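What follows is the content of data-v7.cif, which has mmCIF, C-alpha atoms:
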data_target
loop_
_atom_site.label_atom_id
_atom_site.label_comp_id
_atom_site.auth_asym_id
_atom_site.auth_seq_id
_atom_site.Cartn_x
_atom_site.Cartn_y
_atom_site.Cartn_z
CA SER A 64 -24.16 0.23 22.63
CA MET A 65 -23.99 -3.51 22.07
CA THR A 66 -23.38 -5.00 18.64
CA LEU A 67 -23.84 -8.60 17.53
CA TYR A 68 -21.78 -10.76 15.20
CA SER A 69 -22.65 -13.69 12.96
CA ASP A 70 -20.72 -16.88 13.70
CA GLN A 71 -18.91 -16.48 10.39
CA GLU A 72 -17.69 -13.06 11.50
CA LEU A 73 -16.53 -14.24 14.93
CA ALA A 74 -14.68 -16.93 12.98
CA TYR A 75 -12.72 -14.32 11.06
CA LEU A 76 -12.39 -12.37 14.30
CA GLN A 77 -10.69 -15.32 16.00
CA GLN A 78 -8.41 -15.88 13.03
CA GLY A 79 -7.56 -12.18 13.22
CA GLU A 80 -6.14 -12.77 16.69
CA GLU A 81 -4.83 -16.29 16.14
CA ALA A 82 -2.65 -14.77 13.43
CA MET A 83 -1.57 -12.02 15.81
CA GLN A 84 -0.61 -13.96 18.94
CA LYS A 85 1.27 -16.59 16.93
CA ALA A 86 3.21 -13.98 14.94
CA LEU A 87 4.11 -12.00 18.06
CA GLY A 88 5.19 -15.24 19.72
CA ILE A 89 7.63 -15.67 16.86
CA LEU A 90 9.04 -12.23 17.64
CA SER A 91 9.09 -12.83 21.39
CA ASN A 92 11.45 -15.72 20.69
CA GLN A 93 14.33 -13.32 20.06
CA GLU A 94 17.52 -15.32 19.53
CA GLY A 95 17.55 -18.25 17.11
CA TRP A 96 17.22 -16.53 13.74
CA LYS A 97 19.74 -16.94 10.94
CA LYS A 98 20.61 -14.09 8.58
CA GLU A 99 19.62 -13.72 4.93
CA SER A 100 20.62 -10.16 4.03
CA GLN A 101 22.33 -6.99 5.28
CA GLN A 102 21.76 -3.67 3.52
CA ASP A 103 23.78 -0.47 3.20
CA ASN A 104 21.00 1.30 5.11
CA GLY A 105 21.31 -1.12 8.02
CA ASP A 106 18.33 -3.08 6.73
CA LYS A 107 18.26 -6.71 7.86
CA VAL A 108 16.36 -9.88 6.94
CA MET A 109 16.35 -12.72 9.47
CA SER A 110 15.09 -16.27 8.95
CA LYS A 111 13.96 -19.21 11.06
CA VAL A 112 12.31 -22.62 10.71
CA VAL A 113 9.27 -22.54 13.00
CA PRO A 114 8.00 -26.02 13.96
CA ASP A 115 4.34 -25.15 13.43
CA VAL A 116 4.74 -23.12 10.24
CA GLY A 117 8.12 -23.29 8.51
CA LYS A 118 10.80 -20.97 7.15
CA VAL A 119 9.87 -17.36 7.92
CA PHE A 120 11.44 -14.00 7.10
CA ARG A 121 11.87 -11.17 9.60
CA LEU A 122 12.48 -7.72 8.11
CA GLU A 123 14.44 -5.31 10.32
CA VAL A 124 14.10 -1.74 9.06
CA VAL A 125 13.91 1.72 10.60
CA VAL A 126 12.57 4.75 8.74
CA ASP A 127 13.22 8.47 9.14
CA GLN A 128 9.48 9.16 9.25
CA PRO A 129 6.73 9.56 11.88
CA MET A 130 5.02 6.35 12.99
CA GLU A 131 1.40 7.41 12.51
CA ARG A 132 2.17 8.39 8.91
CA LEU A 133 3.31 4.85 8.10
CA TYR A 134 0.08 3.63 9.67
CA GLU A 135 -2.42 5.46 7.46
CA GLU A 136 -0.16 4.86 4.46
CA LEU A 137 0.15 1.14 5.21
CA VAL A 138 -3.37 0.28 6.40
CA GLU A 139 -5.85 3.17 6.25
CA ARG A 140 -4.73 3.66 2.65
CA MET A 141 -3.57 0.12 1.90
CA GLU A 142 -6.06 -0.26 -0.95
CA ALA A 143 -3.93 2.19 -2.93
CA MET A 144 -0.58 0.79 -1.79
CA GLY A 145 -0.59 -1.00 -5.14
CA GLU A 146 0.43 2.34 -6.62
CA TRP A 147 3.80 2.85 -4.94
CA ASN A 148 4.51 -0.89 -4.98
CA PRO A 149 5.42 -2.95 -8.10
CA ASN A 150 5.35 -6.23 -6.16
CA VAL A 151 1.58 -5.79 -5.83
CA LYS A 152 -0.96 -5.13 -8.59
CA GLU A 153 -4.21 -4.61 -6.68
CA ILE A 154 -5.37 -4.83 -3.07
CA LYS A 155 -9.10 -4.82 -2.34
CA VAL A 156 -10.84 -4.98 1.04
CA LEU A 157 -13.51 -7.66 0.65
CA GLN A 158 -15.12 -6.83 4.00
CA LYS A 159 -14.53 -4.92 7.25
CA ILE A 160 -15.60 -6.51 10.53
CA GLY A 161 -15.80 -4.61 13.80
CA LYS A 162 -12.98 -2.09 14.20
CA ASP A 163 -9.76 -4.08 13.85
CA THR A 164 -10.31 -7.13 11.64
CA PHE A 165 -11.05 -7.12 7.91
CA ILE A 166 -10.66 -9.43 4.91
CA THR A 167 -8.59 -8.48 1.87
CA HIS A 168 -7.78 -9.80 -1.59
CA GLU A 169 -4.16 -8.95 -2.35
CA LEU A 170 -3.31 -9.53 -6.01
CA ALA A 171 0.47 -9.48 -6.44
CA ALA A 172 2.27 -9.09 -9.78
CA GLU A 173 4.67 -11.72 -11.13
CA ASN A 177 9.33 -13.24 -14.78
CA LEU A 178 9.90 -16.89 -13.90
CA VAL A 179 7.47 -16.79 -10.98
CA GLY A 180 3.82 -17.20 -11.94
CA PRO A 181 1.24 -14.58 -10.88
CA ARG A 182 -0.26 -15.12 -7.42
CA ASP A 183 -3.14 -13.64 -5.42
CA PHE A 184 -4.19 -13.80 -1.77
CA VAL A 185 -7.41 -13.79 0.22
CA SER A 186 -6.59 -13.24 3.89
CA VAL A 187 -8.02 -11.80 7.10
CA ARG A 188 -5.99 -9.22 9.00
CA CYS A 189 -6.14 -7.38 12.32
CA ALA A 190 -4.94 -3.80 12.77
CA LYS A 191 -4.61 -3.35 16.53
CA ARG A 192 -2.45 -0.95 18.53
CA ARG A 193 -1.48 -0.66 22.19
CA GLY A 194 -1.36 3.10 21.72
CA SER A 195 2.31 3.89 21.16
CA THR A 196 2.73 0.77 19.02
CA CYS A 197 0.59 -0.18 16.02
CA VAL A 198 0.69 -3.67 14.50
CA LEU A 199 -0.75 -5.36 11.41
CA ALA A 200 -1.52 -9.06 11.73
CA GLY A 201 -2.91 -11.49 9.16
CA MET A 202 -3.10 -14.96 7.66
CA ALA A 203 -4.73 -16.68 4.68
CA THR A 204 -8.46 -17.02 5.31
CA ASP A 205 -11.33 -18.78 3.54
CA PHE A 206 -13.64 -16.23 1.94
CA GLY A 207 -16.05 -18.38 -0.07
CA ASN A 208 -17.54 -15.19 -1.48
CA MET A 209 -14.38 -14.82 -3.58
CA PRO A 210 -12.95 -18.18 -4.75
CA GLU A 211 -9.84 -18.71 -6.87
CA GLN A 212 -9.99 -17.43 -10.45
CA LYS A 213 -8.45 -19.01 -13.56
CA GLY A 214 -5.04 -17.66 -14.52
CA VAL A 215 -3.82 -16.67 -11.06
CA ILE A 216 -2.72 -19.20 -8.43
CA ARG A 217 -4.00 -18.68 -4.88
CA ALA A 218 -1.04 -18.70 -2.49
CA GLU A 219 -1.52 -18.83 1.28
CA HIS A 220 -0.20 -16.61 4.07
CA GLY A 221 1.01 -17.94 7.41
CA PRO A 222 1.04 -15.89 10.63
CA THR A 223 2.22 -12.55 9.25
CA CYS A 224 2.65 -9.47 11.43
CA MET A 225 4.14 -6.00 11.05
CA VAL A 226 5.10 -3.81 14.00
CA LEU A 227 5.50 -0.03 14.03
CA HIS A 228 7.56 1.12 16.99
CA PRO A 229 8.78 4.68 17.72
CA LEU A 230 12.58 4.92 17.74
CA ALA A 231 14.13 4.24 21.16
CA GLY A 232 15.19 7.88 21.26
CA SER A 233 13.42 9.60 18.38
CA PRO A 234 9.65 10.10 17.87
CA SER A 235 10.48 11.27 14.34
CA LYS A 236 11.70 7.77 13.48
CA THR A 237 9.95 4.39 13.33
CA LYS A 238 11.23 0.83 13.69
CA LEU A 239 9.26 -1.31 11.24
CA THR A 240 9.43 -5.02 12.08
CA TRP A 241 7.86 -7.24 9.43
CA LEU A 242 7.56 -10.97 10.08
CA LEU A 243 6.57 -12.67 6.84
CA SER A 244 5.22 -16.19 6.29
CA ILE A 245 4.04 -17.37 2.87
CA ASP A 246 3.38 -20.60 0.99
CA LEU A 247 3.70 -19.66 -2.68
CA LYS A 248 2.41 -23.16 -3.42
CA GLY A 249 4.08 -23.61 -6.79
CA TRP A 250 6.60 -26.17 -7.99
CA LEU A 251 9.33 -23.63 -7.23
CA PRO A 252 12.66 -25.00 -5.94
CA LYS A 253 13.42 -24.66 -2.23
CA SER A 254 16.39 -22.34 -2.73
CA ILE A 255 14.85 -19.81 -5.12
CA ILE A 256 11.89 -19.27 -2.79
CA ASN A 257 14.25 -17.96 -0.11
CA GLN A 258 15.92 -15.18 -2.10
CA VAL A 259 12.69 -13.92 -3.65
CA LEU A 260 10.79 -13.64 -0.38
CA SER A 261 13.88 -11.91 1.00
CA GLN A 262 14.21 -9.37 -1.80
CA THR A 263 10.43 -8.94 -1.66
CA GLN A 264 10.97 -7.56 1.84
CA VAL A 265 13.99 -5.41 1.02
CA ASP A 266 12.04 -3.98 -1.91
CA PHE A 267 8.97 -3.17 0.18
CA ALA A 268 11.30 -1.21 2.46
CA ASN A 269 12.69 0.77 -0.47
CA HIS A 270 9.36 1.68 -2.08
CA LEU A 271 7.90 2.50 1.33
CA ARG A 272 10.58 5.11 2.01
CA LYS A 273 10.11 6.55 -1.49
CA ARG A 274 6.33 6.91 -1.12
CA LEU A 275 6.85 8.75 2.17
CA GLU A 276 8.25 11.58 0.04
#

File written out as C-alpha cells:
Amino acid sequence: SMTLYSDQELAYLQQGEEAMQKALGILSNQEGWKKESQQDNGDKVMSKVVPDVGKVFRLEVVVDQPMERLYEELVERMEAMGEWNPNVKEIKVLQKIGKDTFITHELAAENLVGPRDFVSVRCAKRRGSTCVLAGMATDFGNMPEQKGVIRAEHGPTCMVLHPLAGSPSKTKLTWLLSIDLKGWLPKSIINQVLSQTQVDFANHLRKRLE
C-alpha cells in the first residue's frame, strides 16, 4: 500500500538522487579525462576537474566474477566490507529509508594522513541488468563529529556494475570518486593517495571474491 515519509527523510531521499544524477552526468561526459594510472591488469584511473565539484577520480576495472555477487558483497554486506579492506576500519548503516536510500557512517583507517570518517547518504538503485551505488556527504545530526577523527566530505560518488559486453561471468566496475579530505594536505599528495585508494580497493575486492 501507500507509505508516508517525514520531510527529513524526503530530504535524504532527494540527496540520494541528486548524488546519482550528477555522478552519472560525469560519466555521460565521456571524453575529457586525463590519466593517473595504468595497471598490469588493465586497471585504469582517470581524472577530471569538474566545474561544480573539482578534481575527481574514475576507476576503470573489470572483474572475472558474476555481477550480482559483487552487489551483495559491496552493498548488501557492506557493513562487513571493513573486513576485507584495510583502507576502511568500520562501516555502519545509521538508517535505512525506503528501499534504495540509506545513511552510513564510514570510518576509514589512516601514516602521514590523519584518520578520517564519513557520514553520507547513498542510493542503491538498478535498472535491472545494471546496478549502481550513488552517494554524497550528508548531514546526520544524530551522529555529529567526534574528537580524534576528522570528518571529511564526499562529493557526487557513484559506482556502476555492468555485465561484460560479451561475458555474463564478468563485470565492469566503474567507480567515480569525489572526496574532500579537508586537511592541510598538499595538492599533489592528495592526488596519488586517492588514486592508490582506488587501485587498492580493486585488489582487495578481487581477493575477497575468493

Name the residues that the PyMOL selection byres ((chain A and resi 165) around 9) picks from the file above, as a short mmCIF file (atom, residue, chain, number, x, y, z; two decimals) with C-alpha atoms, in the frame of the given file, using the file's chain letters and numbers.
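Generated output (selection-v6.cif):
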data_model
loop_
_atom_site.label_atom_id
_atom_site.label_comp_id
_atom_site.auth_asym_id
_atom_site.auth_seq_id
_atom_site.Cartn_x
_atom_site.Cartn_y
_atom_site.Cartn_z
CA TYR A 75 -12.72 -14.32 11.06
CA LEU A 76 -12.39 -12.37 14.30
CA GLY A 79 -7.56 -12.18 13.22
CA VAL A 156 -10.84 -4.98 1.04
CA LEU A 157 -13.51 -7.66 0.65
CA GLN A 158 -15.12 -6.83 4.00
CA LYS A 159 -14.53 -4.92 7.25
CA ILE A 160 -15.60 -6.51 10.53
CA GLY A 161 -15.80 -4.61 13.80
CA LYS A 162 -12.98 -2.09 14.20
CA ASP A 163 -9.76 -4.08 13.85
CA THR A 164 -10.31 -7.13 11.64
CA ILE A 166 -10.66 -9.43 4.91
CA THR A 167 -8.59 -8.48 1.87
CA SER A 186 -6.59 -13.24 3.89
CA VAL A 187 -8.02 -11.80 7.10
CA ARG A 188 -5.99 -9.22 9.00
CA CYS A 189 -6.14 -7.38 12.32
CA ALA A 190 -4.94 -3.80 12.77
#

Would you pick out the contacts of region 264-275 of chain A at 10 Å or less, using only C-alpha atoms, so that residues sharing its chain but fewer than 4 positions from it are not included, and give the list as a PyMOL selection string? chain A and resi 100-102+106-108+120-129+132-133+136-137+144+146-151+239+241-243+258-260

Matched chain/residue IDs from the PyMOL selection byres ((chain A and resi 222) around 8), as a list in words: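 On this input, the PyMOL selection byres ((chain A and resi 222) around 8) captures residues 82, 83, 85, 86, 200, 201, 202, 220, 221, 223, 224, 243 and 244 of chain A.
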
The distance between CA of residue 214 (chain A) and CA of residue 145 (chain A) is 19.6 Å

For the structure provided, state which residues fall under the PyMOL selection byres ((chain A and resi 172-181) around 9), and present them as a list in words.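 Taken on the displayed file, the PyMOL selection byres ((chain A and resi 172-181) around 9) yields the residues residues 149, 150, 151, 152, 153, 170, 171, 182, 183, 214, 215, 216, 217, 249 and 251 of chain A.
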
Would you work out the distance separating CA of residue 74 (chain A) from CA of residue 205 (chain A), expressed in Å to one decimal? 10.2 Å

Which is closer to residue 245 (chain A) than all the others in A:203, A:141, A:225, A:197, using only C-alpha atoms? A:203

In Å, rounded to a single decimal, give me how far CA of residue 208 (chain A) is from CA of residue 70 (chain A). 15.6 Å

Tell me which of A:103, A:210, A:89, A:97 sits closest to residue 115 (chain A), counting only C-alpha atoms. A:89

I'd like the box whose edges run along x, y and z of the file and which contains every listed atom of region 164-171 of chain A, padded by 8 Å per side; could you state its centre and edge lengths in Å, one decimal, as lines of an AutoDock Vina configuration file?
center_x = -5.3
center_y = -8.5
center_z = 2.6
size_x = 27.5
size_y = 18.7
size_z = 34.1

Extract, using only C-alpha atoms, all DNA, RNA and protein residues at most 6 Å from residue 184 (chain A), discarding same-chain residues fewer than 2 positions from it, and format them as a compact mmCIF listing (two decimals) with C-alpha atoms, in the frame of the given file.
# COMPACT_ATOMS: atom_id res chain seq x y z
CA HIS A 168 -7.78 -9.80 -1.59
CA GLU A 169 -4.16 -8.95 -2.35
CA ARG A 217 -4.00 -18.68 -4.88
CA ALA A 218 -1.04 -18.70 -2.49

Coordinates of region 155-269 of chain A, C-alpha atoms, as a PDB file, in the first residue's frame:
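The resulting part_24.pdb:
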ATOM      1  CA  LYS A 155      27.824   1.317   9.995  1.00  0.00           C
ATOM      2  CA  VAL A 156      24.398   1.958   8.488  1.00  0.00           C
ATOM      3  CA  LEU A 157      22.896   4.753  10.585  1.00  0.00           C
ATOM      4  CA  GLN A 158      19.460   4.393   8.975  1.00  0.00           C
ATOM      5  CA  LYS A 159      17.661   2.813   6.020  1.00  0.00           C
ATOM      6  CA  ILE A 160      14.975   4.815   4.225  1.00  0.00           C
ATOM      7  CA  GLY A 161      12.553   3.291   1.733  1.00  0.00           C
ATOM      8  CA  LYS A 162      14.169   0.643  -0.456  1.00  0.00           C
ATOM      9  CA  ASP A 163      17.117   2.357  -2.141  1.00  0.00           C
ATOM     10  CA  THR A 164      18.436   5.184   0.042  1.00  0.00           C
ATOM     11  CA  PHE A 165      20.195   4.826   3.397  1.00  0.00           C
ATOM     12  CA  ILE A 166      22.650   6.770   5.554  1.00  0.00           C
ATOM     13  CA  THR A 167      26.034   5.364   6.560  1.00  0.00           C
ATOM     14  CA  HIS A 168      28.978   6.250   8.782  1.00  0.00           C
ATOM     15  CA  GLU A 169      32.144   5.074   7.041  1.00  0.00           C
ATOM     16  CA  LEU A 170      35.152   5.208   9.360  1.00  0.00           C
ATOM     17  CA  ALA A 171      38.336   4.852   7.304  1.00  0.00           C
ATOM     18  CA  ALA A 172      41.755   3.992   8.730  1.00  0.00           C
ATOM     19  CA  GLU A 173      44.772   6.284   8.356  1.00  0.00           C
ATOM     20  CA  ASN A 177      50.831   7.086   8.304  1.00  0.00           C
ATOM     21  CA  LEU A 178      51.162  10.768   7.404  1.00  0.00           C
ATOM     22  CA  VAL A 179      47.445  11.139   6.679  1.00  0.00           C
ATOM     23  CA  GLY A 180      45.282  11.697   9.750  1.00  0.00           C
ATOM     24  CA  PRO A 181      42.315   9.381  10.454  1.00  0.00           C
ATOM     25  CA  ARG A 182      39.057  10.387   8.747  1.00  0.00           C
ATOM     26  CA  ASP A 183      35.405   9.337   8.960  1.00  0.00           C
ATOM     27  CA  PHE A 184      32.342   9.954   6.810  1.00  0.00           C
ATOM     28  CA  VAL A 185      28.609  10.370   7.303  1.00  0.00           C
ATOM     29  CA  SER A 186      26.884  10.163   3.928  1.00  0.00           C
ATOM     30  CA  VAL A 187      23.604   9.181   2.290  1.00  0.00           C
ATOM     31  CA  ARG A 188      23.669   6.680  -0.565  1.00  0.00           C
ATOM     32  CA  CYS A 189      21.263   5.227  -3.119  1.00  0.00           C
ATOM     33  CA  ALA A 190      21.481   1.641  -4.363  1.00  0.00           C
ATOM     34  CA  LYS A 191      19.327   1.576  -7.500  1.00  0.00           C
ATOM     35  CA  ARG A 192      19.459  -0.741 -10.509  1.00  0.00           C
ATOM     36  CA  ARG A 193      17.884  -0.698 -13.970  1.00  0.00           C
ATOM     37  CA  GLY A 194      17.816  -4.491 -13.831  1.00  0.00           C
ATOM     38  CA  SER A 195      20.904  -5.580 -15.752  1.00  0.00           C
ATOM     39  CA  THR A 196      22.936  -2.744 -14.234  1.00  0.00           C
ATOM     40  CA  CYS A 197      23.281  -1.974 -10.527  1.00  0.00           C
ATOM     41  CA  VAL A 198      24.728   1.309  -9.270  1.00  0.00           C
ATOM     42  CA  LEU A 199      25.746   2.754  -5.901  1.00  0.00           C
ATOM     43  CA  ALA A 200      25.392   6.518  -5.514  1.00  0.00           C
ATOM     44  CA  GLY A 201      26.221   8.740  -2.553  1.00  0.00           C
ATOM     45  CA  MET A 202      27.429  12.039  -1.124  1.00  0.00           C
ATOM     46  CA  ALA A 203      28.240  13.540   2.272  1.00  0.00           C
ATOM     47  CA  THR A 204      25.008  14.193   4.160  1.00  0.00           C
ATOM     48  CA  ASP A 205      24.111  15.943   7.414  1.00  0.00           C
ATOM     49  CA  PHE A 206      23.017  13.398  10.016  1.00  0.00           C
ATOM     50  CA  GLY A 207      22.676  15.482  13.176  1.00  0.00           C
ATOM     51  CA  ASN A 208      22.019  12.273  15.086  1.00  0.00           C
ATOM     52  CA  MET A 209      25.722  11.464  14.695  1.00  0.00           C
ATOM     53  CA  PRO A 210      27.964  14.577  14.831  1.00  0.00           C
ATOM     54  CA  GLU A 211      31.753  14.662  14.527  1.00  0.00           C
ATOM     55  CA  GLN A 212      33.725  13.018  17.340  1.00  0.00           C
ATOM     56  CA  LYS A 213      37.036  14.145  18.834  1.00  0.00           C
ATOM     57  CA  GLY A 214      40.110  12.477  17.362  1.00  0.00           C
ATOM     58  CA  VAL A 215      38.773  11.785  13.879  1.00  0.00           C
ATOM     59  CA  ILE A 216      38.284  14.495  11.253  1.00  0.00           C
ATOM     60  CA  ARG A 217      35.018  14.449   9.291  1.00  0.00           C
ATOM     61  CA  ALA A 218      35.807  14.528   5.571  1.00  0.00           C
ATOM     62  CA  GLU A 219      33.094  15.085   2.963  1.00  0.00           C
ATOM     63  CA  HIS A 220      32.105  13.091  -0.124  1.00  0.00           C
ATOM     64  CA  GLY A 221      31.116  14.687  -3.413  1.00  0.00           C
ATOM     65  CA  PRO A 222      28.883  13.000  -6.008  1.00  0.00           C
ATOM     66  CA  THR A 223      30.250   9.455  -5.818  1.00  0.00           C
ATOM     67  CA  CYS A 224      28.855   6.607  -7.898  1.00  0.00           C
ATOM     68  CA  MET A 225      29.818   3.021  -8.686  1.00  0.00           C
ATOM     69  CA  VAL A 226      28.455   1.104 -11.671  1.00  0.00           C
ATOM     70  CA  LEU A 227      28.293  -2.670 -12.090  1.00  0.00           C
ATOM     71  CA  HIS A 228      27.895  -3.639 -15.737  1.00  0.00           C
ATOM     72  CA  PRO A 229      27.952  -7.174 -17.209  1.00  0.00           C
ATOM     73  CA  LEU A 230      30.849  -7.664 -19.642  1.00  0.00           C
ATOM     74  CA  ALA A 231      29.983  -6.727 -23.235  1.00  0.00           C
ATOM     75  CA  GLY A 232      30.302 -10.404 -24.134  1.00  0.00           C
ATOM     76  CA  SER A 233      30.530 -12.299 -20.851  1.00  0.00           C
ATOM     77  CA  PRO A 234      27.884 -12.592 -18.097  1.00  0.00           C
ATOM     78  CA  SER A 235      30.589 -14.187 -15.941  1.00  0.00           C
ATOM     79  CA  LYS A 236      32.481 -10.884 -15.902  1.00  0.00           C
ATOM     80  CA  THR A 237      31.626  -7.434 -14.546  1.00  0.00           C
ATOM     81  CA  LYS A 238      32.824  -3.951 -15.486  1.00  0.00           C
ATOM     82  CA  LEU A 239      33.094  -1.953 -12.264  1.00  0.00           C
ATOM     83  CA  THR A 240      33.143   1.800 -12.871  1.00  0.00           C
ATOM     84  CA  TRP A 241      33.853   3.826  -9.738  1.00  0.00           C
ATOM     85  CA  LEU A 242      33.662   7.618  -9.904  1.00  0.00           C
ATOM     86  CA  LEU A 243      35.129   9.027  -6.698  1.00  0.00           C
ATOM     87  CA  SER A 244      34.849  12.545  -5.278  1.00  0.00           C
ATOM     88  CA  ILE A 245      36.219  13.435  -1.844  1.00  0.00           C
ATOM     89  CA  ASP A 246      37.269  16.481   0.162  1.00  0.00           C
ATOM     90  CA  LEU A 247      39.697  15.130   2.763  1.00  0.00           C
ATOM     91  CA  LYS A 248      39.584  18.618   4.290  1.00  0.00           C
ATOM     92  CA  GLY A 249      43.037  18.590   5.853  1.00  0.00           C
ATOM     93  CA  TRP A 250      46.034  20.827   5.292  1.00  0.00           C
ATOM     94  CA  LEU A 251      47.364  18.203   2.880  1.00  0.00           C
ATOM     95  CA  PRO A 252      49.290  19.480  -0.174  1.00  0.00           C
ATOM     96  CA  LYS A 253      47.513  19.485  -3.535  1.00  0.00           C
ATOM     97  CA  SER A 254      49.838  16.930  -5.120  1.00  0.00           C
ATOM     98  CA  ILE A 255      49.846  14.267  -2.403  1.00  0.00           C
ATOM     99  CA  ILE A 256      46.036  14.178  -2.355  1.00  0.00           C
ATOM    100  CA  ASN A 257      46.028  13.005  -5.973  1.00  0.00           C
ATOM    101  CA  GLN A 258      48.228   9.928  -5.604  1.00  0.00           C
ATOM    102  CA  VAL A 259      46.551   8.727  -2.402  1.00  0.00           C
ATOM    103  CA  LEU A 260      43.010   8.925  -3.751  1.00  0.00           C
ATOM    104  CA  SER A 261      44.318   7.147  -6.838  1.00  0.00           C
ATOM    105  CA  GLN A 262      46.017   4.304  -4.984  1.00  0.00           C
ATOM    106  CA  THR A 263      42.966   4.158  -2.722  1.00  0.00           C
ATOM    107  CA  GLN A 264      41.033   3.121  -5.820  1.00  0.00           C
ATOM    108  CA  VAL A 265      43.621   0.694  -7.185  1.00  0.00           C
ATOM    109  CA  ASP A 266      43.772  -0.907  -3.740  1.00  0.00           C
ATOM    110  CA  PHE A 267      40.003  -1.277  -3.448  1.00  0.00           C
ATOM    111  CA  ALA A 268      40.132  -3.132  -6.765  1.00  0.00           C
ATOM    112  CA  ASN A 269      42.800  -5.502  -5.453  1.00  0.00           C
TER     113      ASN A 269
END
